[PDB]
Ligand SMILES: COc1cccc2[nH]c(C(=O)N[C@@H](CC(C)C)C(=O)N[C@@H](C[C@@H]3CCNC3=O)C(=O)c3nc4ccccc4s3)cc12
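Given next, in structure tokens, is a single chain: the form deposited without the ligand.
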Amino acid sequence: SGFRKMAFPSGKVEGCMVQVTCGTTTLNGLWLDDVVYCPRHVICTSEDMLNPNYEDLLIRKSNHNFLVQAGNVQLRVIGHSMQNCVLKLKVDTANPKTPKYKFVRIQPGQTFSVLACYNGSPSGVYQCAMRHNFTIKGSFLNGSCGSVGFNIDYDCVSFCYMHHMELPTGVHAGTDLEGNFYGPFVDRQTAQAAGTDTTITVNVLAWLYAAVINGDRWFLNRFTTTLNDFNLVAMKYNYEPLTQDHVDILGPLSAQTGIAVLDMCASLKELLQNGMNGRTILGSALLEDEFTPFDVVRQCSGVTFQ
């Protein structure tokens, strides 16, 4: 019993974190095979950060200008290239700790674990959702640039995120491991602000199922609804439209509890309009939207990894 927000065990990734230094700036890198991956704004200075010329600044850099430390050991750089917003440093040694991995790009609403690091050292791990405005609400202090987010499938690590910057509202923005930003952001010291966010409706439903699985059920009612009636209510409360697809991923939970998806939907729409009656669900006084359906299944059936 019980239900916590839960991250993937981080061991496979802590073996990959290194420290990267270019002049006065030091940040984190991801050492896989013989390549170290890190944000390309490491080559920047404070002077040319309002308008970087990243191709221009790169070639002028020597392979020995980049200093890569893995713990007490130094890594010689024998080459570099830039892929979108990610720098790649070729080193002469393969990482003996490289796990099975693959680079994936995630969809808004999907969750992942973040390994926050500083000076190449893993500091903490936590669970984030890719918000619909393509930010994540993380916890990142100065020097956490280059920290990575990931999921684990069986024994394959899926790297989905690499941290680049903080937005003025305190939310965070980054790229996939191929250097493409999530959302309408750029890595320049310019003025940027996240779009308007929406509740990940399917995640709220999954969380309500997790509450029912755990015996927390005061919100269930006798009513049902349809996609059309629900969505008209959802827009006015700034909720993501519930598609036919969403219902089918909720299938397993709809089976294991005996509450149909449109049945659960009528409970959620009542909570939207009436409120929570000063009560809590799963020890929360707000509708939690950072648990995906797979997160609830993985946690309420005990999937383990390697």
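Residue positions are given as counts along the sequence shown, with the first one as 1.
Just so you know, the form deposited with the ligand bound exists too; it's not on screen, but the next bit is about it.
A.B. asks: Report yes if all three of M165, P168 and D187 come within 4.5 Å of the ligand in the deposited complex by some heavy atom, otherwise no.
C.D. replies: Yes: each residue has a heavy atom within 4.5 Å of the partner.
A.B. asks: Going by a heavy atom distance of 4.5 Å, is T25 a contact of the ligand in the deposited complex?
C.D. replies: Taking the distances in the deposited complex, the answer for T25 is yes, it comes within 4.5 Å of the ligand.
A.B. asks: Would you please decide whether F112 lies within 4.5 angstroms of the ligand in the deposited complex, comparing each non-hydrogen atom pair?
C.D. replies: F112 lies outside the contact set for the ligand.
A.B. asks: Please determine whether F134 contacts the ligand in the deposited complex, using a 4.5 Å cut-off between heavy atoms.
C.D. replies: No - in the deposited complex, heavy atoms of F134 and the ligand never come within 4.5 Å of each other.
A.B. asks: Can you work out whether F140 and the ligand are in contact in the deposited complex, taking contact to mean some heavy atom pair no more than 4.5 Å apart?
C.D. replies: Result yes; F140 sits at the interface with the ligand in the deposited complex.
A.B. asks: Between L58, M49, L262, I249, only one gets a heavy atom within 4.5 angstroms of the ligand in the deposited complex; which residue is that?
C.D. replies: Contact check passes for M49.
A.B. asks: I need to confirm a contact call. Of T198, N151, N231, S144, which residue comes within 4.5 Å of the ligand in the deposited complex, counting heavy atoms only?
C.D. replies: For this set of options, the contacting one is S144.
A.B. asks: Pick from 209-217, 190-198, 222-230, 70-78: which stretch has non-hydrogen atoms within 4.5 Å of the ligand in the deposited complex?
C.D. replies: Residues of 190-198 come within 4.5 Å of the partner.
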